[PDB]
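# Chains, contacts and geometry: an overview
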Amino acid sequence: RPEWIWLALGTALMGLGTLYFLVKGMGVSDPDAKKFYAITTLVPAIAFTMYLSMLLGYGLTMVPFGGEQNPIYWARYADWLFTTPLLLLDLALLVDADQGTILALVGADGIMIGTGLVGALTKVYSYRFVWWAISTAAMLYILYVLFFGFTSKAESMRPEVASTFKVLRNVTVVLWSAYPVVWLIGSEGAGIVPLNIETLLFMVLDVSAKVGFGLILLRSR
Amino acid sequence: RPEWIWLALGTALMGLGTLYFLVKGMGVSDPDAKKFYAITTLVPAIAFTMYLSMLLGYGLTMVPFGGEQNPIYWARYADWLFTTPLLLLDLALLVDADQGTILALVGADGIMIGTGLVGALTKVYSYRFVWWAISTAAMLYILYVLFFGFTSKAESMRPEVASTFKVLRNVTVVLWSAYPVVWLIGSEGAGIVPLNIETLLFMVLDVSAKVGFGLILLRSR
Amino acid sequence: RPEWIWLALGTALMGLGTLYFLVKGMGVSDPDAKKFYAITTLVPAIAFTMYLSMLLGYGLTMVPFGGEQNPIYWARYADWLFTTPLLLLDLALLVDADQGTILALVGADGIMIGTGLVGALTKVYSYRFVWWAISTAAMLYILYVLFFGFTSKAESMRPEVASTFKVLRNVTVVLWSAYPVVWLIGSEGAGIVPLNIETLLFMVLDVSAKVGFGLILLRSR
Ligand SMILES: *C/C=C(C)/C=C/C=C(C)/C=C/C1=C(C)CCCC1(C)C
Ligand SMILES: *C/C=C(C)/C=C/C=C(C)/C=C/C1=C(C)CCCC1(C)C
Ligand SMILES: *C/C=C(C)/C=C/C=C(C)/C=C/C1=C(C)CCCC1(C)C
């Protein structure tokens, strides 16, 4: 399938973006700046790793459904499993948040990725959609604590902090909305948009969120 | 098997108890109160999720043993894997504990659930019992740091704190004792009590611990 | 295979070393000393658990490669998955480190064990070596933050602290270097050194690192 030219493209970028933040953060003496550079460079590194497994083949196993065996891309749920909490912990660290607030976000996020995978590998039943919906519920709570909650706290900060968070939250809500759209439309969902294109859309939102988020946040607060 | 009318019953309650703490905690402005509401609502939510997987079928795979294939309910070990550390972290957060104390509890608890699963899915050998015993050892240490350790620290607090912890520890030790009893007696163990009843007993202790713990603790400290 | 007399030997020692730190730490009233005893006794306990699974057989599954099915010892990647971050968190706790510093070490370590396993269970392709190399990269970063980074901070402490860290870092860098050597030379890698001997080498470095590290650090700071 031509999807290899999208995995190949991704592994290239994610790996480069990792090598990029790796050399930029080599100077950070400051603790807080050192900290943000920690999360932000940890998320792209993982993306590369999984994208390699995805391309090489390890992260691809045929799963029954209906009457035919379909191309499951479970490695995506491994990337997302860690990559995601780190990105949320990132924002909450910036916009000084509560242990209750961060522990719950990452809690509902963990339900977001896990519930998602469960339905991604559901035996064969069209019960997949039910899990999709549970993930939707979860993601709705996530973008609520993010949007409305944090912004208020973003007003307790200097213009830089309120600004970076502004763009970051924007990018974060928008990108995280397109994900479940690409999922339902493609493989795991119906099959309307083929895997080739689905894998491109996901690779696009993936390179977008993780590297964009890095470049925008990394811009000195 | 009639066990579906126990999974169905559970998923109903766990999910409702989740929706309940979800609406009660919407008002918590205070940080500490916000925090406890975080753990306490995170544990029931997970229980529901897994109970759905349990009912729908995902969390049920046939495993060899002796000469016949048996009904393994591994999803229980996924629920317990997270649900448990959160409940211990809960109590230790109330009765102000040490990083050494909490990190070790959750450490021995993680050995409690993992060792448990290993023997729950042991190939076919009657080596299952050995793992059971290791879990017993682990759980003994757990109820020791809980009972004797924390109570002493419960005396350094206001009557509310010493009180809630009192009932909470009571409920926690009692319920956590019945669990390994139901395990040895049923499926994974001998087969004395059928799965139908075992699944009821587990669903009872499950709805009991998680929702009861929530209602009792949630009662303002 | 005679490798059972190495797993048996290991499970014996690891379990004993666990029982040893368990009785020594029963007196620690001090918080910090209590804390270090927490990590240090948690790592050996896990080693025993997995070594039992390794011996009994659970942690051994035949995997295709080339044309013949090979003896994969995945349980090692379960031990290492947790045992390792705990040992690094240990050193960083001693030589007062940053959240950025500890979160990144444990981050690159998690990539160390995961990437390692991925290639340990790679379908059959000689793509195993590529993952080996990624692990090498990861481990290189790890021993860099350890060696050069921490030592500088080791100079901000009393002679005891600078001393224990000295020996600990020595033992840690040396032992962690022999590991990937034993891996490439044996099973997962080429097949030069048989599993019998490989399992001995690994059991030696395992009993060495975890119990030695414990004895040396546990020596009052
Ligand atoms: C770097 C990668 C990021 C930020 C990935 C984020 C992924 C999601 C927010 C995924 C959400 C999903 C659902 C809500 C339901 C279907 C499954 C997912 C994972 C596509
Ligand atoms: C909400 C669920 C809770 C609090 C579940 C707790 C479960 C246990 C304490 C289980 C203990 C077990 C053993 C000691 C050995 C056999 C396996 C278990 C999981 C039944
Ligand atoms: C108690 C056990 C310890 C400290 C184990 C440490 C193991 C390692 C540092 C392993 C490193 C590896 C690689 C760099 C590549 C091949 C796979 C490993 C796990 C052998």
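Its PDB header attributes the entry to X-ray crystallography and lists the resolution as 3.5 Å.

This part takes up the relation of the copies chain A and chain B. When chain A is brought onto chain B, the operation consists of a screw motion whose angular component is 120 degrees and whose axial shift is 0.0 Å, with 0.0 Å RMSD remaining. Such values leave the two copies arranged in the relation of a three-fold axis. The C-alpha atom lying nearest the rotation axis in chain A is that of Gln-99 of chain A; the distance is 8.9 Å.

All names here are of chain C. Contacts to ligand 3 come from 13 residues, most closely from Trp-80, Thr-83, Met-112, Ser-135 and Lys-210. Burial of ligand 3 by the surrounding chains reaches 100%, relative to a free accessible area of 530 Å². Of all the secondary structure elements, the ones that give two or more residues to the shell around ligand 3 are α3 (75-94), α5 (128-154), α6 (159-185) and α7 (195-218). Its residues placed into classes, the shell around ligand 3 shows eight nonpolar, three polar and two charged.

Bringing the pattern of salt bridges into the picture now. Within this structure, the stated rule accounts for 15 salt bridges over all chains. Residues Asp-98 of chain C and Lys-153 of chain C are paired through a salt bridge, measuring 3.8 Å at the closest nitrogen-oxygen approach. Placement of the pair is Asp-98 of chain C in the loop between α3 and α4 (99-120) and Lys-153 of chain C in helix α5, with a sequence separation of 55 residues. Its relative accessible area of 31% is what places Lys-153 of chain C among the partly exposed residues. Taken together, the salt bridges that share partners define one network made up of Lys-34 of chain A together with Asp-98 and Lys-153 of chain C.

Taking 1.5 Å per residue, 27 residues should reach 39 Å; α5 of chain C reaches 38 Å between its end C-alpha atoms and fits that length. Among the residues making up α5 of chain C, those that are buried are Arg-128, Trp-131, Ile-134, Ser-135, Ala-138, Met-139, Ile-142, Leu-143, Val-145, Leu-146, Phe-150 and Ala-154 of chain C. Looking at the buried positions of α5 of chain C, the neighbouring elements they touch are α2 (31-56) of chain A together with β1 (61-65), β2 (68-72), α3, α4 and α6 of chain C.

Further remarks concern the packing of helix α2 (residues 31-56) of chain C against α3 of chain C. Residue and element names in this part refer to chain C. In contact at an axis separation of 9 Å, α2 and α3 are set at 170 degrees when each is read in the N-to-C sense. The orientation of α2 with respect to α3, classified from their angle, is roughly antiparallel. Between α2 and α3, the residues in contact are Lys-35, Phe-36, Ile-39, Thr-40, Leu-42, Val-43, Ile-46, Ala-47, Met-50, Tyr-51 and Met-54 and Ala-75, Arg-76, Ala-78, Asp-79, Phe-82, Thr-83, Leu-86, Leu-87, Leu-89, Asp-90, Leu-93 and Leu-94, respectively.

With respect to the helices and strands, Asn-196 of chain C occurs in helix α7. Dropping the residues within four chain positions of it, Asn-196 of chain C is found in contact with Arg-1, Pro-2, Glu-3 and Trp-6 of chain C.

Another aspect to go through is a nonpolar patch on the surface. Taken together, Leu-19, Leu-22, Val-23 and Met-26 of chain A make up a surface patch of nonpolar side chains, about 430 Å² in accessible area. Following the sequence through the fold, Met-26 of chain A ends up in the loop between α1 (4-24) and α2.

In many analyses, interface size is given as the accessible surface area lost on bringing the parts together. With 17 residues of chain C at the interface, the matching set in chain A holds 15 residues. Carbon and sulfur atoms supply 76% of the area buried between chain C and chain A, which totals about 1400 Å² over both sides. In this assembly, chain C and chain A are joined by one salt bridge. In this structure, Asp-98 of chain C engages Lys-34 of chain A in a salt bridge whose closest nitrogen and oxygen atoms are separated by 3.2 Å. Remark: the boundary between chain C and chain A carries three residue pairs in polar contact. Examining the composition of the side of chain C that touches chain A, we find that ten residues originate from one element, α4 of chain C, more than from any other. By residue class, the composition of the side of chain C that touches chain A is nine nonpolar, six polar and two charged.

All names here are of chain B. Ligand 2 sits among 13 residues. The nearest are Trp-80, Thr-83, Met-112, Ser-135 and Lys-210. Across the complex, the protein chains shield 100% of the 530 Å² of accessible surface that ligand 2 would expose by itself. Taken together, the elements giving at least two residues each to the shell around ligand 2 come down to α3 (75-94), α5 (128-154), α6 (159-185) and α7 (195-218). Of the residues contributing to the shell around ligand 2, the split by class is eight nonpolar, three polar and two charged.

This paragraph deals with the interface of chain A and chain B. Contacts between the two partners involve 17 residues from chain A and, on the opposite side, 15 residues from chain B. Summed over both partners, the interface of chain A with chain B buries about 1400 Å², with 76% contributed by carbon and sulfur atoms. Linking chain A with chain B are one salt bridge, by the criterion used here. Where chain A touches chain B, the interface holds three residue pairs in polar contact. When residues of the side of chain A that touches chain B are traced back to their parent elements, those giving at least two are α4 (99-120) and α5 (128-154) of chain A. The greatest single-element share of the side of chain A that touches chain B, amounting to ten residues, is contributed by α4 of chain A. Its residues assigned to classes, the side of chain A that touches chain B comprises nine nonpolar, six polar and two charged.

Turning to the side chain of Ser-187 of chain A, a few remarks are in order. All names here are of chain A. For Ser-187, the location among the structural elements is in the loop between α6 (159-185) and α7 (195-218). Residue class for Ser-187 comes out buried when judged on its relative accessible area of 17%. Ignoring any residue separated from it by four or fewer positions in sequence, one finds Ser-187 in contact with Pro-71, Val-193, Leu-195 and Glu-198.

Another point: the packing of α3 of chain C against α7 of chain C. All names here are of chain C. Packing of α3 against α7 brings their axes to within 12 Å, and their N-to-C directions diverge by 25 degrees. Between α3 and α7, the interaxial angle falls into the category roughly parallel. Judged by the twist between their axes, the crossing of α3 over α7 is left-handed. Touching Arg-76, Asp-79, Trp-80, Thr-83, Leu-87, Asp-90 and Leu-91 of α3 are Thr-199, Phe-202, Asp-206, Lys-210, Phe-213 and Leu-217, all from α7.

Rules behind the numbers
Residues numbered from 1 in each chain as written, not as in the entry; some residues may be left out. Chains lettered and ligands numbered in written order. Heavy atoms only, no water. Least-squares fit on C-alpha atoms. Near = heavy atom within 4 Å. Areas by Shrake-Rupley, 256 points an atom, 1.4 Å probe, with all protein chains shown as cover. Helix = DSSP H or I, 4+ residues; strand = E, 2+ residues; numbered from the N terminus. Nonpolar A, V, L, I, M, F, W, Y, C, P; charged D, E, K, R; others polar. Salt bridge = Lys/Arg side-chain N within 4 Å of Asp/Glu carboxyl O. Buried < 20%, exposed > 50% of the residue type's maximum accessible area, 1.4 Å probe, protein only. Expected span 1.5 Å × (residues − 1). Contact = heavy atoms within 4.5 Å. Axes fitted to C-alpha atoms, helices over the stretch in contact; angles between N-to-C directions. Parallel < 35°, antiparallel > 145°, perpendicular 65-115°, else oblique. Patch = residues over 30% accessible without salt bridge, like charges linked within 9 Å, V, L, I, M, F, W, Y side chains within 5 Å. Buried area = accessible area lost by both parts, 1.4 Å probe. Polar contact = N/O pair within 3.5 Å; in protein donor to acceptor, adjacent residues only side chain to side chain. Left-handed = near helix turned anticlockwise from the far one by under 90°.

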